[PDB]
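# Here come the first chain(s), positioned as in the complex:
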Amino acid sequence: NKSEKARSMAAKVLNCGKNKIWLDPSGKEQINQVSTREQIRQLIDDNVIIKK
Amino acid sequence: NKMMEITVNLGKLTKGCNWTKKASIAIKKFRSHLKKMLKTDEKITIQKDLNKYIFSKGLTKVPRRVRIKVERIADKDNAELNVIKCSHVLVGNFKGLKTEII
């Protein structure tokens, strides 16, 4: 359950707040293996991590 | 196995409680009300769209009446035990509606 690492890193990439990020519970498996900035930018394009 | 439909007004149940917590009290009084009717003492569970409708005005105010449907389902812990689930039913005008058995 590495949810807190995803919320904080994705806030830096888009220059946005933490409360606007919406994770997707369907793609639960892919988020537990993130470690780089590069893997996040593919997750935004697949609309697993979207902005409110 | 038969289903029910009841109309329950929360303005009668929550008359004269402290208004700082009127929505949150209206859930606990709602649970003890159906234990009065149904004699069975297993449990009473609430669907999420029913819970969201009660908190629609805020903590201080509670809407007047609501229309519900009640059924008995199986438990998520033991297969042979049971539990009771409640769900919301949309209706505009409450005049003339009686409790029916599906």
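Arrived safely. Residues are numbered from 1 along each chain as shown, chains lettered A, B, ... in the order given.
# Can you report how many residues lie near residue 13?
No chain in the question, so chain A it is. A total of 12 residues lie near residue A:13 under the criterion other CB atoms under 10 Å in any protein chain shown. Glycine gets a C-beta too; all of them are placed from N, C-alpha and C.
# Let me rephrase: I mean chain B.
Neighbour count for residue B:13, taken as other CB under 10 Å: 15.
# how much space between it and residue B:62?
9 Å (CB to CB, to the nearest Å).
# intersection of neighbour lists for those two?
residue B:26 (CB atoms under 8 Å, 6 or more residues apart in numbering or on different chains).
# can you pull the contacts of residue 44?
Looking at chain A here, since you left the chain open. Per CB under 8 Å, 6+ apart, neighbours of residue A:44: A:10, A:13, A:14, A:50.
# hmm, I had chain B in mind actually
Contacts for residue B:44 (CB under 8 Å, 6+ apart) come out as B:31, B:34, B:35, B:84, B:86.
# Name only those of those residues that count as buried.
B:34, B:84, B:86 (16 or more other CB atoms under 10 Å in any protein chain shown).
# Is the last one part of a helix or strand, or is it coil?
With DSSP: H, G, I helix; E, B strand; the rest coil as the basis, the three-state label of residue B:86 is strand.
# residues touching it, list them.
B:34, B:44, B:45, B:46, B:47, B:50, B:68, B:69, B:70.
# Which residues does it form beta bridges with?
residue B:46, residue B:70 (DSSP bridges).
# quick one on the thing from earlier: out of the contacts of residue B:44, which one sits closest to residue B:9?
Comparing these against residue B:9 with CB to CB places residue B:34 closest, at 14.0 Å.
# mind adding chain C? sequence follows:
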Amino acid sequence: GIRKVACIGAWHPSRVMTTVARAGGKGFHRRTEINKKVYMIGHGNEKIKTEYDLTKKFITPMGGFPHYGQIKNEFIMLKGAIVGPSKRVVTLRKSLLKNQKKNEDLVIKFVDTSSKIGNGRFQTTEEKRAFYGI
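Okay, here's chain C dropped in alongside the others:
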């Protein structure tokens, strides 16, 4: 605080006397009062007619008594206030005193039957529908 008594006792005697006022429970006591006059004796199902009215009516007001309902039995009607709330046992007995003073007769003109819930303006149900005209 304000709603209290200031001094309880003096120095000597160095105890608190039983005559002072002290806070405690109230109500549900037993009382007994005398000299209540009897005005009317009858039955609830019957209609009571006087001389000074033209209409005849029952004893139960419109919408019933509050928290009671209707009267379907024999009853008594007496003057004044009576101990206790509604729907509780009340014991009636004869008087101990003798040499009661003679008075004159009792002439009852009419008995009221309006609704006791709100401000009621009508006596019977026929006066209500003749007013609005259905």
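# Same as before for the contacts of residue B:44, with chain C this time.
Taking CB under 8 Å, 6+ apart, we find residue B:44 in contact with B:31, B:34, B:35, B:84, B:86.
# Taking those residues together, which two end up most distant?
Spatial extent of those (CB to CB) is set by the pair B:35 and B:86 at 12.4 Å.
# check contacts around the closest residue to residue B:53 other than its chain neighbours.
Among residues not flanking residue B:53 along the chain, residue B:88 sits closest, at 5.8 Å (CB to CB, 6 or more residues apart in numbering or on different chains). For residue B:88, the contacting residues are B:47, B:49, B:50, B:53, B:66, B:67, B:68, by CB under 8 Å, 6+ apart.
# correct me, but the third one touches residue B:69?
Right, residue B:50. No - applying CB atoms under 8 Å, one finds residue B:50 not in contact with residue B:69, separated by 10.0 Å.
# mind listing what residue B:70 touches?
Contact analysis of residue B:70 by CB under 8 Å, 6+ apart lists B:3, B:4, B:5, B:6, B:34, B:84, B:85, B:86.
# how about a cut-off of 10 Å?
B:3-6, B:34, B:37-38, B:44, B:84-87, B:102 (CB atoms under 10 Å, 6 or more residues apart in numbering or on different chains).
# What helices and strands are in contact with the helix or strand hosting residue B:7?
Assessed by DSSP states H and E, residue B:7 sits inside strand B:4-9. Strand B:4-9 sits against helix B:22-37, strand B:65-74, strand B:82-88, strand B:100-101, with contacts defined as 3 or more CB pairs under 10 Å, 6 or more residues apart in numbering or on different chains; DSSP states H and E.
# can you do 6 Å?
strand B:65-74 (3 or more CB pairs under 6 Å, 6 or more residues apart in numbering or on different chains; DSSP states H and E).
# May I see the buried residues of the strand it packs on?
Buried-residue list, strand B:65-74, by 16+ other CB under 10 Å: B:66, B:68, B:69, B:70.
# with the structure above as the base, add chain D:
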Amino acid sequence: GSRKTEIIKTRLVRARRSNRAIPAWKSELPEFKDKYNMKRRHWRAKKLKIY
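Okay, chain D now, added to the rest:
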């Protein structure tokens, strides 16, 4: 406070090094089987007085 002189940084580096527990390779020896450090400090409790 991100503006230090030369002496303040050299003293602060040495004070970080001395706050450590006993290493694990020494604790297996018979001399230091149950012995533990007593001169540790906490950064919120006690202050270092360096200025």
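# again for what packs on strand B:4-9, since chain D is there now?
Counting by 3+ CB pairs under 6 Å, 6+ apart, the packing neighbours recorded for strand B:4-9 are strand B:65-74.
# at 10 Å what do you get?
For strand B:4-9, the packing partners by 3+ CB pairs under 10 Å, 6+ apart come out as helix B:22-37, strand B:65-74, strand B:82-88, strand B:100-101.
# Need the contact partners of the shortest one.
Applying CB under 10 Å, 6+ apart, the set of residues contacting strand B:100-101 from outside is B:2, B:3, B:4, B:5, B:6, B:69.
# For the residue most central in space within chain C, give me its contacts.
Taking CA atoms, centre = their mean, the centroid of chain C lies closest to residue C:81, which sits 4.2 Å from it. Neighbouring residues of residue C:81 by CB under 10 Å, 6+ apart: C:33, C:36.
# cool, residue A:43 as well?
By CB under 10 Å, 6+ apart, the neighbours of residue A:43 are A:6, A:10, A:23, A:24, A:27, A:30, A:31, A:34, A:49, A:50.
# Please apply the same query to residue B:33.
Listed by CB under 10 Å, 6+ apart, the contact partners of residue B:33 are B:6, B:8, B:10, B:13, B:44.
# Distance from stretch B:84-94 to the middle of the chain?
The chain centroid and the centroid of stretch B:84-94 are separated by 9 Å under CA atoms, centre = their mean, to the nearest Å.
# in whatever helix or strand comes next after the strand holding residue B:7, what counts as buried?
The first helix or strand that comes after strand B:4-9 along the chain, using DSSP H and E, is helix B:10-13. Buried residues in helix B:10-13, defined by neighbour count with 16+ other CB under 10 Å: residue B:10.
# Run through who's touching helix B:10-13.
Residues outside helix B:10-13 that contact it (CB under 10 Å, 6+ apart): B:22-23, B:25-27, B:29-30, B:32-33, B:54, B:62-66.
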